[PDB]
Amino acid sequence: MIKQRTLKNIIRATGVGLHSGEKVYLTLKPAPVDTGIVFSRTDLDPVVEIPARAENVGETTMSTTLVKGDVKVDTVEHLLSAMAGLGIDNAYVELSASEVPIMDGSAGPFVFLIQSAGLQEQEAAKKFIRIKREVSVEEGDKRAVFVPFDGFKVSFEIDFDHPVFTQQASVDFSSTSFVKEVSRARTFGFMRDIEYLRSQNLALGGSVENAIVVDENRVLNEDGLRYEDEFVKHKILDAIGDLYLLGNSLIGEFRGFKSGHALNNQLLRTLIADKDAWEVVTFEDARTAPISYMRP
Ligand SMILES: COC[C@@H](O)c1ccc(C#Cc2ccc(C(=O)NC[C@H]3C[C@@H](NC(=O)[C@@H]4C[C@H](F)CN4)CN3C(=O)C3CC3)cc2)cc1
Ligand SMILES: [Zn+2]
């Protein structure tokens with residue numbers, strides 16, 4: 001059968017919060033069957049824990065935020081994308097501060113730290129959410145859709161009127177490596193936006209070392225892009241992180257059109273509410289299942 005996965009070993013990492021500019025110590029820990037992903041602010045006494053579930057998502061600010069009262073964890077989407085891409089079901093994420101470290105601006109450093117630890121299969125069937133019906137959310141010119149699909153696929157389109165800006169990509173993850181083709185795609189920022197955010201005490205940890213910095217015309221990063229389509233690949237990365245707040249891996253297709261965290265969360269809420277549009281399924285036989293995972 002397809003089995004739940006956690007970490008084999010604890011992972012420790014250091015970085016800076018994109019927005020906070022705060023040094024943050026990150027620990028990923030193995031967790032029991034049916035824990036899901038749980039974030040933990042260990043700088044607090046008592047320690048405050050927020051399950052990485054759509055119901056805990058906060059005011060859809062600059063990034064995906066988990067809240068519980070007046071406690072938050074900022075910018076969870078790149079880490080959850082790394083955990084989604086590798087099929088991790090159960091894990092404790094401990095943070096010394098309010099924001100997940102940005103690292104290089106991609107999921108690459110997290111996927112590497114996790115695959116360095118290795119994964120442990122657990123004695124329990126992995127539960128999948130299978131899309132049975134199309135679920136569509138729109139707001140203005142933005143659109144986010146689930147389509148039934150025997151597998152896992154993410155299609156994305158962006159549309160910037162900007163000299164730097166392939167603005168479309170589709171990845172079937174059963175035939176294309178999240179690790180190689182998506183995970184290294186970095187966050188990006190326009191200089192006019194970054195100058196505004198800085199003026200408002202935001203982007204305090206931003207640098208060419210953790211973001212593609214774009215002025216009116218070109219990428220300012222001396223070493224350029226990792227992919228010709230890095231921008232729309234990063235959109236796909238962020239969508240994979242947000243999808244993982246369902247708390248179960250998806251069997252279906254996601255289509256984004258200029259979508260972002262706020263509409264992505266409207267789509268998760270609408271899917272969860274419409275119980276006719278999905279079912280929980282397990283696979284007693286991995287060989288006939290529409291998705292596959294790497295060796296642990
Ligand atoms: C040494 O410093 C000195 C100096 O040079 C310097 C250099 C750099 C910085 C910085 C920085 C920085 C600040 C904010 C952002 C950001 O929010 N990007 C949003 C982008 C990326 C994507 N969204 C995402 O990736 C979401 C949102 C987060 F980005 C994570 N997930 C969607 N998206 C948009 O659609 C944009 C067009 C609206 C990125 C980088 C500061 C100072
Ligand atoms: Zn991002």
Side-chain angles (χ1 to χ4, degrees), residues 15-24 52 57-58 60-66 72-85 98-111 139-144 154 156-165 167 169 178 182-191 193-216 218-223 225-227 229-245 256-257 259-265:
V16 61
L18 180 56
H19 292 303
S20 69
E22 284 184 338
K23 188 153 180 174
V24 55
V57 174
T60 56
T61 319
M62 295 304 299
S63 64
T64 305
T65 304
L66 296 177
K72 71 179 175 171
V73 180
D74 279 334
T75 317
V76 299
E77 58 263 42
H78 300 170
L79 180 54
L80 289 178
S81 189
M83 270 153 165
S98 64
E99 188 166 4
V100 179
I102 196 51
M103 313 305 273
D104 77 344
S106 77
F110 296 128
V111 168
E139 207 154 317
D141 72 326
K142 314 186 156 180
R143 176 164 200 237
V154 180
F156 220 98
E157 219 191 324
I158 54 173
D159 192 18
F160 292 96
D161 189 358
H162 189 289
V164 169
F165 292 75
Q167 286 201 99
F178 171 86
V182 171
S183 74
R184 297 177 50 246
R186 291 166 296 170
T187 204
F188 63 87
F190 301 91
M191 275 298 325
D193 287 344
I194 291 163
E195 280 171 359
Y196 176 59
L197 292 169
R198 276 287 168 122
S199 78
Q200 296 297 313
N201 298 324
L202 289 179
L204 295 186
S207 101
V208 289
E209 298 304 342
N210 50 40
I212 306 152
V213 180
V214 183
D215 73 7
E216 71 187 1
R218 57 191 197 83
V219 171
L220 300 183
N221 305 56
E222 173 167 3
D223 296 328
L225 299 176
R226 301 173 164 182
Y227 308 106
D229 58 354
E230 189 151 4
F231 307 105
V232 68
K233 298 271 202 80
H234 187 69
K235 296 300 305 198
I236 291 190
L237 186 156
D238 291 331
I240 288 169
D242 290 336
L243 269 45
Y244 219 52
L245 299 169
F257 184 82
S259 185
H261 67 96
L263 197 56
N264 290 355
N265 201 246

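In each ligand, atom 1 is the first atom listed, and ligand 1 is the first ligand listed. All residue numbers refer to positions in the sequence shown, counting from 1.
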Practice task
Decide whether an N or O pair under 3.5 Å exists between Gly206 and ligand 1.
Solution key: yes
Problem - Residue pair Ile212 / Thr187, side-chain heavy-atom distance below 4.5 Å - result: no
Problem - Check: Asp238 N/O within less than 3.5 Å of ligand 1 N/O - result: yes
Problem - ligand 1 contact on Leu197 by region, counting heavy-atom pairs under 4.0 Å - result: side chain
Practice task
Look at ligand 1 and say whether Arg198 reaches it with a heavy atom at a distance under 4.0 Å.
Solution key: yes
Practice task
Look at the N, O or S atoms of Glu77, main chain and side chain alike, and state whether any lies under 2.8 Å from the Zn ion (ligand 2).
Solution key: no
Problem - Contacting atoms of ligand 1, where contact means under 4.0 angstrom from a heavy atom of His78 - result: 30 (C), 31 (N)
Exercise for the section: Would you confirm whether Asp238, through its side chain, and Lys235, through its main-chain N or O, come within 3.5 Å as a donor-acceptor pair? Expected result: no
Exercise for the section: Look only at interatomic distance and state if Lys235 has a nitrogen or oxygen under 3.5 Å from any nitrogen or oxygen of ligand 1. Expected result: no
Problem - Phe160 to ligand 1, any heavy atom closer than 4.0 Å - result: yes
Exercise for the section: Classify the angle between the aromatic ring planes of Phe190 and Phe160 as parallel (below 30°), tilted (30 to 60°) or perpendicular (above 60°). Expected result: tilted
Handout entry: Residue selection (non-hydrogen contact nearest atom 7 (C) of ligand 1) among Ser63, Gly205, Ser207
Key = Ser207
Problem - Plane angle bin for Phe231 and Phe165 - parallel if under 30°, tilted between 30 and 60°, otherwise perpendicular - result: tilted
Practice task
Taking the side chain as every heavy atom from C-beta outward, state whether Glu99 and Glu22 have any pair of such atoms under 4.5 Å apart.
Solution key: no
Exercise for the section: Number the atoms of ligand 1 from 1 as they appear, then name those within less than 4.0 Å of a heavy atom of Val213, with their elements. Expected result: 7 (C), 8 (C)
Problem - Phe110 and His78 aromatic centres sub-6.0 Å - result: no
Handout entry: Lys/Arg-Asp/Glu bridge criterion (N-O < 4.0 Å) met for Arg226, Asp104
Key = yes
Practice task
For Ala203, counting its heavy atoms only, list the atoms of ligand 1 lying under 4.0 Å from any of them.
Solution key: 13 (C), 41 (C)
Problem - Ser63 side chain to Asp74 side chain, donor-acceptor N/O pair below 3.5 angstrom - result: no
Handout entry: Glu77, any N or O under 3.5 Å of ligand 1 N or O
Key = yes
Fill in the blank from the handout: Between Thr64 and the options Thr75, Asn264, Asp242, the side chain to side chain donor-acceptor pair (under 3.5 Å) test singles out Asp242
Problem - N or O contact, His19 vs ligand 1, cut-off under 3.5 Å - result: no
Practice task
May I ask whether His261 places a heavy atom under 4.0 Å from ligand 1?
Solution key: no
Problem - Subset of ligand 1 atoms that lie under 4.0 Å from at least one heavy atom of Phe190 - result: 37 (C)
Exercise for the section: Kindly report the OD1-the Zn ion (ligand 2)-NE2 angle for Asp238 and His234 respectively, rounded to 10°. Expected result: 100°
Problem - OG1 on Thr65 to CD on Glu77, rounded to 0.5 Å - result: 7.5 Å
